[PDB]
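As the structure lists them, so they are numbered: ligands from 1, and atoms in each ligand from 1. Throughout, protein chains are lettered first and strands after them, A, B, ... in sequence-line order, and every chain is numbered starting at 1. Both backbone and side-chain heavy atoms feed into the values below; hydrogens, waters and symmetry mates do not.
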Number of protein chains: 2
Amino acid sequence: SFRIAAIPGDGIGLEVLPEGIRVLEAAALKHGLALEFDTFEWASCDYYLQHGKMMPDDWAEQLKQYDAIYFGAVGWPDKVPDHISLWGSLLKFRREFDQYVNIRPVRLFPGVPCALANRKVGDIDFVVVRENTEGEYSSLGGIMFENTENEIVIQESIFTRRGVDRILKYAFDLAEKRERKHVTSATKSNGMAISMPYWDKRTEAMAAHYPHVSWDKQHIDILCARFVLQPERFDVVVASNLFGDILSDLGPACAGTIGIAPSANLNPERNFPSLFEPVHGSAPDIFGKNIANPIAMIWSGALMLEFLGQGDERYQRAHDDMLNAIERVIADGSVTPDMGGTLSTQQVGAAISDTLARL
Amino acid sequence: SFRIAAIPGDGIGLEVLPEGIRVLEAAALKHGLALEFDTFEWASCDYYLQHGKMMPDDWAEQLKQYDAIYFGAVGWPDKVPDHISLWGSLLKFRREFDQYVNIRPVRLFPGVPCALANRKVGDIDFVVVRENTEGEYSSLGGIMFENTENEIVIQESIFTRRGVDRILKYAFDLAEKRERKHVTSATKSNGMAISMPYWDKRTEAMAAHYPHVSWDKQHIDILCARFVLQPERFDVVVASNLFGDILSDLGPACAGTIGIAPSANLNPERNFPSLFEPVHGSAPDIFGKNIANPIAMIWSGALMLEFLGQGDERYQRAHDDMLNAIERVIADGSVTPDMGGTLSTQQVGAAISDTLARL
Ligand SMILES: NC(=O)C1=CN([C@@H]2O[C@H](COP(=O)(O)OP(=O)(O)OC[C@H]3O[C@@H](n4cnc5c(N)ncnc54)[C@H](O)[C@@H]3O)[C@@H](O)[C@H]2O)C=CC1
Ligand SMILES: NC(=O)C1=CN([C@@H]2O[C@H](COP(=O)(O)OP(=O)(O)OC[C@H]3O[C@@H](n4cnc5c(N)ncnc54)[C@H](O)[C@@H]3O)[C@@H](O)[C@H]2O)C=CC1
Ligand SMILES: O=C([O-])C(=O)[O-]
Ligand SMILES: O=C([O-])C(=O)[O-]
Ligand SMILES: [Mg+2]
Ligand SMILES: [Mg+2]
Ligand SMILES: [N+]
Ligand SMILES: [N+]
C-alpha cells in the first residue's frame with residue numbers, strides 16, 4: 001500500500017484537491033491499487049495566522065512517513081506576503097526533500113480552443129524540465145541604507161556543478177527515451193554574464209555524452225516568442241528555476257489554459273517523498289465560486305501513480321486510464337469556463353471519475 | 001542640425017540600418033529637417049577580432065559629440081561569446097550614458113496575420129517600460145572551486161531606490177498621459193524573496209502619487225500567459241531589466257512578428273545622447289539573404305526624430321508620416337517573409353520611402 005500526504009493549502013487548492021482524490025480513488029478501485037490518504041491542514045495561510053509559521057517544526061519528520069505528497073497550492077497575499085508563504089512551505093518541500101527535477105508537460109488536446117491561430121493537435125506536445133533547488137529563486141542578500149535615498153537591495157543567484165549537471169542529465173536521459181530525441185536549453189548568456197555562460201558550458205559538456213540527441217540553446221526572450229510562433233519545434237525544454245517557471249505558464253497558455261498543466265517535483269533517487277501538484281497557484285480571485293479547473297490536479301495525480309508504480313503494470317494502466325478519461329471529457333466539452341464550458345469544479349471531477357469507471 | 005552616430009554593428013544590423021537611414025533622409029527632405037549621419041565600424045565582432053576589444057578606448061568622448069546613436073545590433077556567437085560582445089558594446093552605451101528608460105511599443109497593425117486566434121486590431125496596443133541600467137543583468141560575482149565537483153557560480157542582482165523609483169516614475173507619468181491610464185507591474189515576489197518584494201514596495205509607494213492611474217502587479221509567469229490569452233488588458237507594462245527583455249519579444253510575437261518592434265534607450269534628462277535600436281538582435285541565421293524585416297529599424301528612427309524634435313513640430317510630423325508610411329506598407333502586404341510577404345529588405349525600405357514621399 002502507498003501512503004499519500006494530501007495537503008490542499010490555500011484558495012482553489014481546497015477546491016481542486018478533493019476532485020483529484022475522487023478520480024484517484026476511482027482509479028484505485030478499477031485497477032486494485034492500495035492507496036491511503038491523510039489530509040494535513042498546515043502549509044496554509046490559515047495555519048500561519050494562528051501559529052505564526054506556515055508549518056509545524058516537525059513537518060519533515062511527519063512527511064517522511066509517506067510515499068508521496070499530493071499538494072494543492074499555497075498563497076493568500078491579502079493576509080500573508082507571497083515570499084513568506086512560498087518559502088515557508090512549498091520551497092522547503094522542494095529543497096529539503098531534494099526534489100531537483102520539476103517535470104511539467106505541455107499538451108494541446110482535441111476539443112480545446114487553441115490560443116494560437118492555425119495550430120492543430122500535435123503542434124503543441126512538449127515537456128519542461130525545470131531545475132527545482134537552486135538558481136534565481138533565492139533568499140540570499142538583503143538591504144543596505146534602508147529608508148534613505150542611498151537604499152540598495154542585493155539578491156544572489158547560486159548555480160552549482162552538482163545541481164546544473166543533474167538537471168541537464170535528467171533532461172538528456174528523457175530526450176533519449178523519446179521519439180524526437182531533442183533538447184532545447186533555455187539561456188540568457190548575453191545579459192547574465194556569469195551564471196548563463198556557465199549553464200551553456202555545462203550543457204555543451206553534457207550534450208557530448210548523447211550522440212543520438214539533437215540539442216540547441218535559445219535566449220529566453222526569443223524562446224518565449226517561439227512558444228507562440230513555432231511550438232512544434234520543441235520536445236524537451238530544460239531550464240533554470242526562474243526560466244522553467246515562466247515557460248510552464250506560457251506553454252499551457254498557448255495550448256489554451258493554465259488550468260490543465262500538472263507538475264511532478266521528483267526526487268529521482270527516491271531518498272525522500274516526491275511532490276505532485278498543479279502548475280497553477282491558489283487563484284484568490286476565483287476561490288469560492290467553484291469554477292476552478294480540476295484537470296491540473298487530476299493529471300498531477302496520474303503522474304503520481306506513474307511514478308509510484310515503478311514495476312507494477314496496474315499503476316501504469318491507472319495513469320493511462322486517467323489520461324484517457326481527461327481526454328474524453330475535454331472532447332465532450334464537459335469542462336470549466338476557462339476551457340469554454342459551463343461545468344463547475346465538482347461536475348468536471350464527477351465527469352472524469354464516471355468516464356474512468358466506464359472505460 | 002542634429003548629428004547622428006550610425007552604428008550598424010553585426011549581422012542583419014548591416015542590412016536594416018541603411019533602410020532606416022534611407023527613410024530618415026526621405027523624411028528629412030519632406031519636412032525640411034537637418035540630419036547628418038556618421039557611420040562607425042566599431043561596436044562589432046569584426047572590430048573585436050582585429051583589436052581584442054568591441055570598441056576603441058575613447059568611444060564615449062567620440063559619441064558625446066553626437067545628439068543620438070542609431071544602432072543596429074551586436075553579436076556573432078560563431079566568433080565572439082555573446083556576453084563579451086553585448087557587455088563590451090551596447091551595455092556600456094546604456095549604462096555609461098545612463099539611458100535608464102527602455103521604451104518598447106507593442107502593436108497589432110491591420111493587414112498582419114496575428115499569431116493569436118480570434119484577435120483583431122485594437123486588442124494589442126501597449127508599451128513596455130524596461131529598466132535599463134541595473135537589476136538582473138549583471139557581471140557581478142564569479143566562480144569558486146572551478147573545474148572540480150565543488151564548483152559554485154554566484155551572480156548578484158542589484159536594485160537601488162534611485163533606479164527603481166525613476167523607472168516607476170517614468171511609467172506612471174507615461175500612463176497618466178495615455179487614454180487608458182493603467183500600469184501593470186511585472187513581478188516575482190514569491191520566488192525572488194528580496195529583490196521583488198522590494199520592487200512591489202516601491203511600486204506601491206509610487207502608485208500613491210497617481211490617483212488617476214489604475215495599477216496591478218502580476219507574477220512574471222502568469223503575466224506571460226496573459227500576453228497570449230488576454231493582451232487587450234495591457235497599456236503600460238513596467239518591468240526590470242530581465243522581465244522587460246522577455247516581455248518585449250513575447251509581446252511582438254503575439255502581435256505576429258519580432259521584426260517590427262522598435263526600442264528607445266532614453267536618457268530623459270538629456271545629459272547624454274540617447275540610443276535607438278530594434279528589439280531584435282543580429283540574427284546570424286538569416287544574415288546574407290536580405291530577408292530581414294527593416295521596419296523595427298525604421299520605426300526606431302521615427303522614435304529618434306520624435307525624441308530629438310522637442311519643440312520643433314516638423315520633427316513630430318516626420319515621426320507621424322513615418323508611422324503612416326509603415327502602416328500603409330503593412331496593409332498593402334509589401335512586407336518581408338516574417339510577416340507573410342515576398343519582398344526583400346531593400347524592397348520594403350524602398351516601399352516605405354516611396355509611400356512617405358507620396359503622402
Ligand atoms: N505552486 C504554488 O503553490 C504556487 C503558488 N502561487 C501563489 O498563488 C497566488 C496567486 O498567484 P497568481 O499569480 O494569481 O497565480 P495563479 O495561478 O493562482 O492564478 C493566475 C490566474 O490563473 C487563473 N487560474 C489559476 N488556476 C486556475 C484553474 N485551475 N482554473 C481556472 N483558472 C485558474 C486564476 O484565476 C488567475 O486569474 C499567489 O499567492 C502566489 O504566490 C502561484 C503559483 C504557484
Ligand atoms: N540589442 C541587441 O543588439 C541584441 C543582440 N542580440 C544578439 O544577437 C545574436 C542572436 O540572438 P538571437 O537570440 O538569435 O536573437 P535575434 O533577435 O537576433 O533572432 C531571433 C530570431 O528572430 C529572427 N529575426 C530577428 N530579427 C529579424 C528581422 N528583423 N526580420 C526577420 N527575422 C528576424 C531571426 O532569424 C531568429 O530566428 C546573439 O549574439 C545575441 O547576443 C540579441 C538581442 C538583442
Ligand atoms: O512559483 C511558481 O510560480 C511555480 O513554482 O510555478
Ligand atoms: O539583450 C536583449 O535581448 C535585449 O536588450 O533585448
Ligand atoms: Mg509558476
Ligand atoms: Mg531581447
Ligand atoms: N500548486
Ligand atoms: N538591436
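- When only modelled atom types and interatomic distance are considered, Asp82(B) and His219(A) share a side-chain donor-acceptor pair under 3.5 Å.
- Listed by number with element, the atoms of ligand 2 under 4.0 Å from a non-hydrogen atom of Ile286(B) are 31 (C), 32 (N), 33 (C), 35 (O).
- Ring pair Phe276(A)/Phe307(A) is tilted by interplanar angle, where 30° to 60° counts as tilted.
- At least one heavy atom of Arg226(A) sits less than 4.0 Å from an atom of ligand 2.
- Shortest contact from atom 34 (C) of ligand 2 to any protein heavy atom: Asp285(B) OD1, 3.3 Å.
- Between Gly281(B) and ligand 2, at least one pair of N/O atoms sits closer than 3.5 Å.
- Those atoms of ligand 2 that come under 4.0 Å of a heavy atom in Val279(B), given as number and element, are 44 (C).
- Side-chain contact between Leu63(B) and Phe97(B): present, with at least one pair of heavy atoms (C-beta onward) separated by less than 4.5 Å.
- Residues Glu136(B) and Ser240(B) bring a donor and an acceptor atom of their side chains to less than 3.5 Å of each other.
- Checked against a 6.0 Å centroid threshold, the rings of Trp87(B) and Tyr48(B) do not count as neighbours.
- In this structure, a donor-acceptor pair under 3.5 Å is present between the side chains of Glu131(A) and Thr133(A).
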Enumerate donor-acceptor pairs with a distance under 3.5 Å from any side-chain N or O in residues 290-299 of chain A to protein atoms, sequence neighbours excluded.
from	atom 1	to	atom 2	distance (Å)
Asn290(A)	OD1	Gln346(A)	NE2	2.7
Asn293(A)	OD1	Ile295(A)	N	3.0
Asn293(A)	ND2	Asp338(A)	OD2	3.0

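- Judged by the shortest distance from any of its heavy atoms, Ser282(B) lies inside the 4.0 Å radius around the atoms of ligand 2.
- When each atom of ligand 2 is checked for a heavy atom of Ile222(A) under 4.0 Å away, the hits are 13 (O), 20 (C), 21 (C), 22 (O).
- In this structure, atom 14 (O) of ligand 2 is not in close contact with the protein, since no protein heavy atom lies within 4.0 Å of it.
- Residue-level proximity to ligand 2 for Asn190(A) is carried by the side chain, the only part with a heavy atom below 4.0 angstrom.
- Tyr70(A) and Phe37(A) have tilted rings, their planes meeting at an angle from 30° to 60° on a 0 to 90° scale.
- Listed by atom number, the atoms of ligand 2 under 4.0 Å from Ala292(B) heavy atoms are 30 (N).
- Looking only at protein heavy atoms, the nearest one to atom 29 (N) of ligand 2 is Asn293(B) O, 3.1 Å.
- Residue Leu90(B) has at least one heavy-atom neighbour below 4.0 Å for each of these atoms of ligand 2: 1 (N), 2 (C).
- With a 4.0 Å heavy-atom cut-off, ligand 2 is reached by the backbone of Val74(B) and by its side chain too.
- Residue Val16(B) does not touch ligand 2, judged by heavy-atom distances below 4.0 Å.
- From the protein, the heavy atom lying nearest to atom 24 (N) of ligand 2 is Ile258(B) CD1, 3.8 Å.
- Side chain to side chain, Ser185(A) and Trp199(A) meet the donor-acceptor criterion of an N or O pair below 3.5 Å.
- Taking only nitrogen or oxygen atoms, main chain and side chain alike, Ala283(B) reaches within less than 3.5 Å of ligand 2.
- Around the Mg ion (ligand 6), the protein N, O or S atoms found under 2.8 Å comprise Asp221(A) OD2, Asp245(B) OD1.
- Closest to atom 11 (O) of ligand 2, if we only count protein heavy atoms, is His219(A) CD2, 4.1 Å.
- For ligand 2, the atoms closer than 4.0 angstrom to any heavy atom of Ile12(B) are 26 (N), 27 (C), 28 (C), 29 (N).
- Under 4.0 angstrom from ligand 2, there are no non-hydrogen atoms of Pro294(B).
- Contact annotation: the side chain of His83(B) never approaches that of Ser189(A) to less than 4.5 Å [non-hydrogen atoms, C-beta and beyond].
- Ring-plane geometry between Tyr66(A) and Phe40(A) is classed as perpendicular, the angle between the planes exceeding 60 degrees on a 0 to 90 degree scale with a lower cut at 30.
- Using a cutoff of 4.0 Å between basic side-chain nitrogens and carboxylate oxygens, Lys201(A) and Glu204(A) are not scored as salt-bridged.
- Across every non-hydrogen atom of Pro273(B) and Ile69(B), the tightest pair is CG-CD1, 4.5 Å.
- The one candidate from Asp98(B), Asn267(B), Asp245(B), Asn265(B) that meets the side chain to side chain donor-acceptor pair (under 3.5 Å) condition with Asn132(B) is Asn265(B).
- Heavy-atom minimum distance, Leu247(A) versus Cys224(A): CD2-SG, 3.8 Å.
- Within the 4.0 Å heavy-atom criterion, the part of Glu277(B) lying near ligand 2 is the side chain and not the backbone.
- Annotation for ligand 2: atoms under 4.0 Å from non-hydrogen atoms of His280(B) are 17 (O), 25 (C), 26 (N), 29 (N).
- Contact record, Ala43(B) with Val74(B): O-CG2, 4.0 Å, taken as the closest heavy-atom pair.
- In this structure, atom 39 (O) of ligand 2 lies nearest to the protein heavy atom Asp82(B) OD1, 2.6 Å.
- Taking a cut-off of under 4.0 Å to the non-hydrogen atoms of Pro284(B), the atoms of ligand 2 that pass are 10 (C).
- Nearest heavy atoms, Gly75(A) versus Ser282(A): O-OG, 2.6 Å.
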